[PDB]
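Coordinates as given in final.txt (compact mmCIF, N, CA and C atoms):
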```
# COMPACT_ATOMS: atom_id res chain seq x y z
N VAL H 1 -10.59 -27.26 -15.10
CA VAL H 1 -9.28 -26.78 -14.59
C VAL H 1 -9.40 -26.42 -13.11
N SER H 2 -9.87 -25.22 -12.84
CA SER H 2 -10.02 -24.80 -11.43
C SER H 2 -11.21 -25.49 -10.78
N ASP H 3 -10.98 -26.13 -9.66
CA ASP H 3 -12.10 -26.82 -9.00
C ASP H 3 -11.73 -27.31 -7.60
N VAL H 4 -10.79 -26.65 -6.95
CA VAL H 4 -10.41 -27.11 -5.59
C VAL H 4 -11.32 -26.50 -4.50
N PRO H 5 -11.62 -25.20 -4.59
CA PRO H 5 -12.47 -24.53 -3.61
C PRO H 5 -13.94 -24.58 -4.03
N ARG H 6 -14.76 -25.32 -3.32
CA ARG H 6 -16.20 -25.38 -3.72
C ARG H 6 -17.06 -26.10 -2.68
N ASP H 7 -18.34 -25.81 -2.71
CA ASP H 7 -19.27 -26.46 -1.74
C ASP H 7 -19.01 -26.00 -0.31
N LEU H 8 -18.62 -24.76 -0.16
CA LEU H 8 -18.34 -24.24 1.20
C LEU H 8 -19.60 -23.66 1.86
N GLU H 9 -20.14 -24.39 2.81
CA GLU H 9 -21.37 -23.90 3.50
C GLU H 9 -21.40 -24.35 4.96
N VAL H 10 -22.32 -23.78 5.72
CA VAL H 10 -22.43 -24.16 7.16
C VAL H 10 -23.59 -25.14 7.34
N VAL H 11 -23.36 -26.20 8.07
CA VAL H 11 -24.45 -27.18 8.27
C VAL H 11 -25.29 -26.81 9.47
N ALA H 12 -24.65 -26.28 10.47
CA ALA H 12 -25.38 -25.89 11.69
C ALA H 12 -24.43 -25.42 12.78
N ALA H 13 -25.00 -24.88 13.83
CA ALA H 13 -24.18 -24.38 14.96
C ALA H 13 -24.57 -25.09 16.26
N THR H 14 -23.76 -24.92 17.26
CA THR H 14 -24.05 -25.56 18.56
C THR H 14 -23.44 -24.71 19.69
N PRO H 15 -23.90 -24.91 20.91
CA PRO H 15 -23.38 -24.14 22.03
C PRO H 15 -21.87 -24.07 21.99
N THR H 16 -21.37 -22.93 21.58
CA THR H 16 -19.89 -22.74 21.50
C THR H 16 -19.24 -23.75 20.56
N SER H 17 -19.79 -23.88 19.38
CA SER H 17 -19.21 -24.83 18.40
C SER H 17 -19.87 -24.68 17.03
N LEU H 18 -19.07 -24.71 16.00
CA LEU H 18 -19.63 -24.57 14.61
C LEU H 18 -19.09 -25.67 13.70
N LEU H 19 -19.90 -26.08 12.74
CA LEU H 19 -19.45 -27.16 11.80
C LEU H 19 -19.43 -26.67 10.35
N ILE H 20 -18.24 -26.60 9.79
CA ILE H 20 -18.11 -26.14 8.38
C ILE H 20 -17.71 -27.30 7.48
N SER H 21 -18.16 -27.27 6.26
CA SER H 21 -17.80 -28.37 5.33
C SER H 21 -17.59 -27.86 3.92
N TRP H 22 -16.55 -28.37 3.27
CA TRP H 22 -16.27 -27.92 1.89
C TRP H 22 -16.05 -29.12 0.97
N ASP H 23 -15.05 -29.09 0.14
CA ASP H 23 -14.82 -30.26 -0.77
C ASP H 23 -13.36 -30.68 -0.85
N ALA H 24 -13.15 -31.83 -1.44
CA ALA H 24 -11.78 -32.37 -1.58
C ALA H 24 -11.69 -33.23 -2.87
N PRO H 25 -11.27 -32.64 -4.00
CA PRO H 25 -11.17 -33.39 -5.26
C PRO H 25 -10.33 -34.66 -5.11
N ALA H 26 -10.22 -35.40 -6.19
CA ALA H 26 -9.43 -36.65 -6.15
C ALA H 26 -7.94 -36.39 -6.34
N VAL H 27 -7.60 -35.24 -6.85
CA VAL H 27 -6.15 -34.96 -7.05
C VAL H 27 -5.43 -35.06 -5.72
N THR H 28 -4.39 -35.83 -5.69
CA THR H 28 -3.64 -35.97 -4.43
C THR H 28 -3.22 -34.60 -3.91
N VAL H 29 -4.08 -34.01 -3.14
CA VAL H 29 -3.77 -32.67 -2.58
C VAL H 29 -2.73 -32.78 -1.48
N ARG H 30 -1.72 -31.97 -1.57
CA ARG H 30 -0.67 -32.02 -0.53
C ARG H 30 -1.30 -31.86 0.84
N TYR H 31 -1.80 -30.69 1.10
CA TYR H 31 -2.44 -30.44 2.42
C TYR H 31 -3.32 -29.21 2.38
N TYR H 32 -4.17 -29.10 3.37
CA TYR H 32 -5.09 -27.94 3.44
C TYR H 32 -4.74 -27.07 4.64
N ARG H 33 -5.15 -25.83 4.61
CA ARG H 33 -4.84 -24.93 5.75
C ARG H 33 -6.04 -24.06 6.06
N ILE H 34 -6.70 -24.38 7.13
CA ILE H 34 -7.89 -23.61 7.54
C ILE H 34 -7.53 -22.56 8.59
N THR H 35 -7.77 -21.31 8.26
CA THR H 35 -7.46 -20.21 9.22
C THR H 35 -8.68 -19.33 9.44
N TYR H 36 -8.93 -18.97 10.68
CA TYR H 36 -10.10 -18.11 10.95
C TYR H 36 -9.78 -17.10 12.02
N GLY H 37 -10.52 -16.01 12.01
CA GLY H 37 -10.28 -14.95 13.03
C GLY H 37 -11.47 -14.00 13.09
N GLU H 38 -11.86 -13.64 14.28
CA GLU H 38 -13.00 -12.72 14.43
C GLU H 38 -12.59 -11.29 14.10
N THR H 39 -13.39 -10.62 13.31
CA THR H 39 -13.05 -9.23 12.95
C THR H 39 -12.75 -8.41 14.19
N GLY H 40 -11.58 -7.83 14.22
CA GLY H 40 -11.20 -7.01 15.40
C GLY H 40 -9.78 -6.46 15.23
N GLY H 41 -8.85 -7.35 14.99
CA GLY H 41 -7.44 -6.90 14.80
C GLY H 41 -6.66 -6.99 16.11
N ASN H 42 -7.33 -7.41 17.16
CA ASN H 42 -6.63 -7.52 18.46
C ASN H 42 -5.65 -8.68 18.45
N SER H 43 -6.02 -9.74 17.78
CA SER H 43 -5.12 -10.92 17.71
C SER H 43 -5.80 -12.06 16.90
N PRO H 44 -5.05 -12.73 16.00
CA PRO H 44 -5.64 -13.82 15.21
C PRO H 44 -6.12 -14.95 16.11
N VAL H 45 -7.19 -15.59 15.73
CA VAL H 45 -7.69 -16.70 16.57
C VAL H 45 -6.81 -17.91 16.44
N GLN H 46 -6.97 -18.62 15.36
CA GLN H 46 -6.12 -19.83 15.20
C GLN H 46 -6.17 -20.40 13.79
N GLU H 47 -5.32 -21.35 13.55
CA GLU H 47 -5.26 -22.00 12.22
C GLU H 47 -4.79 -23.44 12.38
N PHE H 48 -5.06 -24.28 11.41
CA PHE H 48 -4.62 -25.69 11.54
C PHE H 48 -4.56 -26.38 10.19
N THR H 49 -3.51 -27.13 9.99
CA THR H 49 -3.36 -27.85 8.70
C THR H 49 -3.92 -29.26 8.79
N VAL H 50 -4.22 -29.82 7.65
CA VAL H 50 -4.77 -31.19 7.64
C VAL H 50 -4.38 -31.88 6.29
N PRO H 51 -4.08 -33.19 6.32
CA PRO H 51 -3.71 -33.91 5.08
C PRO H 51 -4.87 -33.97 4.06
N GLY H 52 -5.72 -32.97 4.08
CA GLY H 52 -6.86 -32.98 3.12
C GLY H 52 -7.70 -34.25 3.30
N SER H 53 -7.47 -34.94 4.38
CA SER H 53 -8.24 -36.18 4.63
C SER H 53 -9.61 -35.87 5.20
N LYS H 54 -9.70 -34.80 5.94
CA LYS H 54 -11.00 -34.42 6.54
C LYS H 54 -11.76 -33.46 5.63
N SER H 55 -12.93 -33.88 5.19
CA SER H 55 -13.72 -33.00 4.30
C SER H 55 -14.51 -31.99 5.12
N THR H 56 -14.72 -32.32 6.36
CA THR H 56 -15.48 -31.42 7.27
C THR H 56 -14.59 -31.01 8.44
N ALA H 57 -15.14 -30.23 9.34
CA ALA H 57 -14.32 -29.80 10.49
C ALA H 57 -15.17 -29.16 11.58
N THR H 58 -14.79 -29.41 12.82
CA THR H 58 -15.55 -28.84 13.96
C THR H 58 -14.70 -27.78 14.66
N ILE H 59 -15.12 -26.54 14.56
CA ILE H 59 -14.35 -25.45 15.21
C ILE H 59 -15.11 -24.92 16.42
N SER H 60 -14.38 -24.62 17.45
CA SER H 60 -15.02 -24.10 18.68
C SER H 60 -14.11 -23.08 19.36
N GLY H 61 -14.68 -22.32 20.26
CA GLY H 61 -13.87 -21.29 20.98
C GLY H 61 -14.18 -19.91 20.41
N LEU H 62 -15.21 -19.86 19.61
CA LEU H 62 -15.60 -18.58 19.00
C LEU H 62 -16.64 -17.85 19.85
N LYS H 63 -17.09 -16.72 19.36
CA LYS H 63 -18.11 -15.93 20.11
C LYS H 63 -19.43 -15.83 19.28
N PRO H 64 -20.52 -16.50 19.71
CA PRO H 64 -21.78 -16.43 18.96
C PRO H 64 -22.28 -15.00 18.82
N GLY H 65 -22.75 -14.67 17.65
CA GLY H 65 -23.27 -13.29 17.42
C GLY H 65 -22.12 -12.35 17.06
N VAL H 66 -21.45 -12.66 15.97
CA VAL H 66 -20.32 -11.79 15.56
C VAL H 66 -19.83 -12.15 14.16
N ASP H 67 -19.19 -11.20 13.53
CA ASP H 67 -18.68 -11.44 12.16
C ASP H 67 -17.44 -12.31 12.22
N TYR H 68 -17.30 -13.19 11.27
CA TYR H 68 -16.12 -14.08 11.25
C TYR H 68 -15.56 -14.23 9.85
N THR H 69 -14.28 -14.03 9.73
CA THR H 69 -13.64 -14.16 8.39
C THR H 69 -12.90 -15.49 8.27
N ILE H 70 -13.23 -16.24 7.24
CA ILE H 70 -12.56 -17.56 7.04
C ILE H 70 -11.74 -17.56 5.75
N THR H 71 -10.67 -18.31 5.76
CA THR H 71 -9.81 -18.38 4.56
C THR H 71 -9.22 -19.77 4.41
N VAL H 72 -9.49 -20.41 3.28
CA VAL H 72 -8.94 -21.78 3.07
C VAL H 72 -7.85 -21.76 2.02
N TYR H 73 -6.69 -22.20 2.43
CA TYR H 73 -5.54 -22.24 1.52
C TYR H 73 -5.28 -23.69 1.09
N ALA H 74 -5.70 -24.01 -0.11
CA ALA H 74 -5.49 -25.40 -0.61
C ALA H 74 -4.23 -25.51 -1.45
N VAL H 75 -3.26 -26.24 -0.94
CA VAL H 75 -1.99 -26.41 -1.69
C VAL H 75 -1.87 -27.81 -2.27
N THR H 76 -1.59 -27.86 -3.56
CA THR H 76 -1.44 -29.18 -4.24
C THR H 76 -0.06 -29.27 -4.88
N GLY H 77 0.33 -30.45 -5.25
CA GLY H 77 1.67 -30.60 -5.89
C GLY H 77 1.85 -32.02 -6.43
N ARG H 78 2.66 -32.14 -7.44
CA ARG H 78 2.90 -33.47 -8.03
C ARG H 78 4.11 -34.14 -7.39
N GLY H 79 4.97 -33.34 -6.83
CA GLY H 79 6.18 -33.92 -6.18
C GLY H 79 6.95 -32.84 -5.42
N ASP H 80 7.15 -31.74 -6.05
CA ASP H 80 7.90 -30.64 -5.39
C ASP H 80 7.90 -29.37 -6.25
N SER H 81 7.36 -29.47 -7.43
CA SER H 81 7.33 -28.28 -8.31
C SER H 81 6.62 -27.09 -7.63
N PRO H 82 6.82 -25.88 -8.15
CA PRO H 82 6.19 -24.68 -7.58
C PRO H 82 4.66 -24.69 -7.78
N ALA H 83 4.09 -25.86 -7.82
CA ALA H 83 2.62 -25.95 -8.02
C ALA H 83 1.86 -25.03 -7.08
N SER H 84 1.61 -23.83 -7.53
CA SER H 84 0.87 -22.87 -6.67
C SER H 84 -0.63 -23.00 -6.92
N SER H 85 -1.39 -22.98 -5.86
CA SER H 85 -2.87 -23.11 -6.03
C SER H 85 -3.56 -21.75 -6.04
N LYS H 86 -4.83 -21.78 -5.73
CA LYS H 86 -5.63 -20.53 -5.71
C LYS H 86 -6.39 -20.40 -4.37
N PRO H 87 -5.79 -19.72 -3.38
CA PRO H 87 -6.45 -19.56 -2.09
C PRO H 87 -7.67 -18.67 -2.20
N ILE H 88 -8.58 -18.79 -1.26
CA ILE H 88 -9.80 -17.93 -1.33
C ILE H 88 -10.29 -17.58 0.06
N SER H 89 -10.91 -16.44 0.18
CA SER H 89 -11.43 -16.01 1.50
C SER H 89 -12.80 -15.36 1.37
N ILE H 90 -13.59 -15.49 2.40
CA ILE H 90 -14.94 -14.89 2.37
C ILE H 90 -15.42 -14.55 3.77
N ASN H 91 -16.10 -13.44 3.89
CA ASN H 91 -16.60 -13.03 5.21
C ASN H 91 -18.02 -13.53 5.41
N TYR H 92 -18.35 -13.88 6.62
CA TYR H 92 -19.72 -14.37 6.88
C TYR H 92 -20.12 -14.18 8.33
N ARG H 93 -21.35 -13.80 8.54
CA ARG H 93 -21.83 -13.59 9.92
C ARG H 93 -22.27 -14.92 10.54
N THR H 94 -21.60 -15.29 11.62
CA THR H 94 -21.96 -16.58 12.29
C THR H 94 -22.35 -16.33 13.74
```
This structure in structure tokens:
Amino acid sequence: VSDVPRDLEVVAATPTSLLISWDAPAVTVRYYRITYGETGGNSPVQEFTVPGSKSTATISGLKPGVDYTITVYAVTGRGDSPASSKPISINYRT
């Protein structure tokens, strides 16, 4: 049943750049929404949607040596029904 959020890990980092990768089942997923922000509360960093076509992603513009909270909102649907998914979030030091 539940199996949209999984395999979320970091492959490596680079000068002002990080590479995160998760999963994408075969169910025609409507779209994905990746949002991230450095712990602070001064202002959210950024977010971006994708047709679930990209299984990986390259994010940059962050600050090395700091806590970072990530949240992936996976929305699926068969046509237009209230098909609500199960979003998830986790904190990690990057």
For a test of reading the model, state the distance in Å between atom CA of residue H:3 and atom N of residue H:93, rounded to one decimal.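 For atom CA of residue H:3 relative to atom N of residue H:93, the distance reads 23.7 Å.
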Can you tell me which residues surround residue H:89 at a distance of at most 6 Å, considering all atoms listed in the file, apart from same-chain residues fewer than 5 positions away, and format the answer as a ChimeraX atom specification? /H:70-72
Would you save the residues of that selection, restricted to N, CA and C atoms, as a PDB file, keeping the file's coordinate frame?
```pdb
ATOM      1  N   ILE H  70     -13.230 -16.240   7.240  1.00  0.00           N
ATOM      2  CA  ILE H  70     -12.560 -17.560   7.040  1.00  0.00           C
ATOM      3  C   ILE H  70     -11.740 -17.560   5.750  1.00  0.00           C
ATOM      4  N   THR H  71     -10.670 -18.310   5.760  1.00  0.00           N
ATOM      5  CA  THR H  71      -9.810 -18.380   4.560  1.00  0.00           C
ATOM      6  C   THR H  71      -9.220 -19.770   4.410  1.00  0.00           C
ATOM      7  N   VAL H  72      -9.490 -20.410   3.280  1.00  0.00           N
ATOM      8  CA  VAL H  72      -8.940 -21.780   3.070  1.00  0.00           C
ATOM      9  C   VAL H  72      -7.850 -21.760   2.020  1.00  0.00           C
TER      10      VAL H  72
END
```
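Atom pair atom CA of residue H:69 / atom CA of residue H:2: separated by 22.8 Å.
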Using only N, CA and C atoms: which of H:49, H:55, H:91, H:39 has the shortest distance to residue H:24: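 Looking only at the distances to residue H:24, the closest residue turns out to be H:55.
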Give me the residues within 8 Å of residue H:77 as a ChimeraX atom specification, counting only C-alpha atoms and dropping any in the same chain fewer than 4 places off. /H:28-30,81-84
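Closest to residue H:65 among H:50, H:90, H:13, H:26 is H:13, based on only C-alpha atoms.
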Residue set, chain H restricted to strand (DSSP E), as a ChimeraX atom specification: /H:9-14,17-21,31-38,46-50,56-59,67-75,88-93
I need the residue nearest residue H:67 from this list: H:40, H:5, H:79, H:52. Use only C-alpha atoms for the distance.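 Answer, going by the shortest atom-to-atom distance: H:40.
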Please return the centre and edge lengths, in Å to one decimal, of a box with edges along x, y and z that contains all listed atoms of stretch 11-22 of chain H, widened by 3 Å on every side, as lines of an AutoDock Vina configuration file.
```
center_x = -20.7
center_y = -25.9
center_z = 11.5
size_x = 15.3
size_y = 12.4
size_z = 27.1
```
Find the residue from H:57, H:63, H:37, H:74 that sits nearest to residue H:12; use only C-alpha atoms when measuring. H:57
Could you work out how far atom CA of residue H:92 lies from atom N of residue H:38, giving the answer in Å with one decimal?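 Computed distance, atom N of residue H:38 to atom CA of residue H:92, equals 10.8 Å.
Among H:41, H:19, H:36, H:27, the residue with the shortest atom-to-atom distance to residue H:68, counting all atoms listed in the file, is H:36.
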Find the residues around residue H:20 up to 7 Å (all atoms listed in the file counted), leave out those fewer than 6 positions away in its own chain, and share them as an MDAnalysis selection string. chainID H and resid 8:12 55:59
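If all atoms listed in the file are the atoms counted, then among H:94, H:23, H:86, H:48 the closest residue to residue H:66 is H:94.
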Mind rebuilding stretch 76-93 of chain H with N, CA, C and O atoms and writing that out as a PDB file, in the coordinates of the input?
```pdb
ATOM      1  N   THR H  76      -1.590 -27.860  -3.560  1.00  0.00           N
ATOM      2  CA  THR H  76      -1.440 -29.180  -4.240  1.00  0.00           C
ATOM      3  C   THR H  76      -0.060 -29.270  -4.880  1.00  0.00           C
ATOM      4  O   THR H  76       0.617 -28.277  -5.027  1.00  0.00           O
ATOM      5  N   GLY H  77       0.330 -30.450  -5.250  1.00  0.00           N
ATOM      6  CA  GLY H  77       1.670 -30.600  -5.890  1.00  0.00           C
ATOM      7  C   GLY H  77       1.850 -32.020  -6.430  1.00  0.00           C
ATOM      8  O   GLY H  77       1.267 -32.957  -5.931  1.00  0.00           O
ATOM      9  N   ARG H  78       2.660 -32.140  -7.440  1.00  0.00           N
ATOM     10  CA  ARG H  78       2.900 -33.470  -8.030  1.00  0.00           C
ATOM     11  C   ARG H  78       4.110 -34.140  -7.390  1.00  0.00           C
ATOM     12  O   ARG H  78       4.244 -35.345  -7.426  1.00  0.00           O
ATOM     13  N   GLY H  79       4.970 -33.340  -6.830  1.00  0.00           N
ATOM     14  CA  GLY H  79       6.180 -33.920  -6.180  1.00  0.00           C
ATOM     15  C   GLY H  79       6.950 -32.840  -5.420  1.00  0.00           C
ATOM     16  O   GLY H  79       7.339 -33.038  -4.282  1.00  0.00           O
ATOM     17  N   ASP H  80       7.150 -31.740  -6.050  1.00  0.00           N
ATOM     18  CA  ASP H  80       7.900 -30.640  -5.390  1.00  0.00           C
ATOM     19  C   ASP H  80       7.900 -29.370  -6.250  1.00  0.00           C
ATOM     20  O   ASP H  80       8.388 -28.344  -5.828  1.00  0.00           O
ATOM     21  N   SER H  81       7.360 -29.470  -7.430  1.00  0.00           N
ATOM     22  CA  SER H  81       7.330 -28.280  -8.310  1.00  0.00           C
ATOM     23  C   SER H  81       6.620 -27.090  -7.630  1.00  0.00           C
ATOM     24  O   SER H  81       5.921 -27.282  -6.646  1.00  0.00           O
ATOM     25  N   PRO H  82       6.820 -25.880  -8.150  1.00  0.00           N
ATOM     26  CA  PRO H  82       6.190 -24.680  -7.580  1.00  0.00           C
ATOM     27  C   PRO H  82       4.660 -24.690  -7.780  1.00  0.00           C
ATOM     28  O   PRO H  82       4.033 -23.650  -7.883  1.00  0.00           O
ATOM     29  N   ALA H  83       4.090 -25.860  -7.820  1.00  0.00           N
ATOM     30  CA  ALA H  83       2.620 -25.950  -8.020  1.00  0.00           C
ATOM     31  C   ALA H  83       1.860 -25.030  -7.080  1.00  0.00           C
ATOM     32  O   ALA H  83       1.523 -25.405  -5.971  1.00  0.00           O
ATOM     33  N   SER H  84       1.610 -23.830  -7.530  1.00  0.00           N
ATOM     34  CA  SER H  84       0.870 -22.870  -6.670  1.00  0.00           C
ATOM     35  C   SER H  84      -0.630 -23.000  -6.920  1.00  0.00           C
ATOM     36  O   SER H  84      -1.064 -23.125  -8.048  1.00  0.00           O
ATOM     37  N   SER H  85      -1.390 -22.980  -5.860  1.00  0.00           N
ATOM     38  CA  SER H  85      -2.870 -23.110  -6.030  1.00  0.00           C
ATOM     39  C   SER H  85      -3.560 -21.750  -6.040  1.00  0.00           C
ATOM     40  O   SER H  85      -2.952 -20.738  -6.324  1.00  0.00           O
ATOM     41  N   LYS H  86      -4.830 -21.780  -5.730  1.00  0.00           N
ATOM     42  CA  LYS H  86      -5.630 -20.530  -5.710  1.00  0.00           C
ATOM     43  C   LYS H  86      -6.390 -20.400  -4.370  1.00  0.00           C
ATOM     44  O   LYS H  86      -7.487 -20.902  -4.236  1.00  0.00           O
ATOM     45  N   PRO H  87      -5.790 -19.720  -3.380  1.00  0.00           N
ATOM     46  CA  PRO H  87      -6.450 -19.560  -2.090  1.00  0.00           C
ATOM     47  C   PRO H  87      -7.670 -18.670  -2.200  1.00  0.00           C
ATOM     48  O   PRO H  87      -7.785 -17.888  -3.128  1.00  0.00           O
ATOM     49  N   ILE H  88      -8.580 -18.790  -1.260  1.00  0.00           N
ATOM     50  CA  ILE H  88      -9.800 -17.930  -1.330  1.00  0.00           C
ATOM     51  C   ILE H  88     -10.290 -17.580   0.060  1.00  0.00           C
ATOM     52  O   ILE H  88     -10.101 -18.333   0.998  1.00  0.00           O
ATOM     53  N   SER H  89     -10.910 -16.440   0.180  1.00  0.00           N
ATOM     54  CA  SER H  89     -11.430 -16.010   1.500  1.00  0.00           C
ATOM     55  C   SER H  89     -12.800 -15.360   1.370  1.00  0.00           C
ATOM     56  O   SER H  89     -13.118 -14.763   0.363  1.00  0.00           O
ATOM     57  N   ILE H  90     -13.590 -15.490   2.400  1.00  0.00           N
ATOM     58  CA  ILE H  90     -14.940 -14.890   2.370  1.00  0.00           C
ATOM     59  C   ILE H  90     -15.420 -14.550   3.770  1.00  0.00           C
ATOM     60  O   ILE H  90     -15.167 -15.281   4.717  1.00  0.00           O
ATOM     61  N   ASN H  91     -16.100 -13.440   3.890  1.00  0.00           N
ATOM     62  CA  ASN H  91     -16.600 -13.030   5.210  1.00  0.00           C
ATOM     63  C   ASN H  91     -18.020 -13.530   5.410  1.00  0.00           C
ATOM     64  O   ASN H  91     -18.791 -13.594   4.477  1.00  0.00           O
ATOM     65  N   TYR H  92     -18.350 -13.880   6.620  1.00  0.00           N
ATOM     66  CA  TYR H  92     -19.720 -14.370   6.880  1.00  0.00           C
ATOM     67  C   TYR H  92     -20.120 -14.180   8.330  1.00  0.00           C
ATOM     68  O   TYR H  92     -19.320 -14.366   9.230  1.00  0.00           O
ATOM     69  N   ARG H  93     -21.350 -13.800   8.540  1.00  0.00           N
ATOM     70  CA  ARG H  93     -21.830 -13.590   9.920  1.00  0.00           C
ATOM     71  C   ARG H  93     -22.270 -14.920  10.540  1.00  0.00           C
ATOM     72  O   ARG H  93     -23.158 -15.567  10.038  1.00  0.00           O
TER      73      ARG H  93
END
```
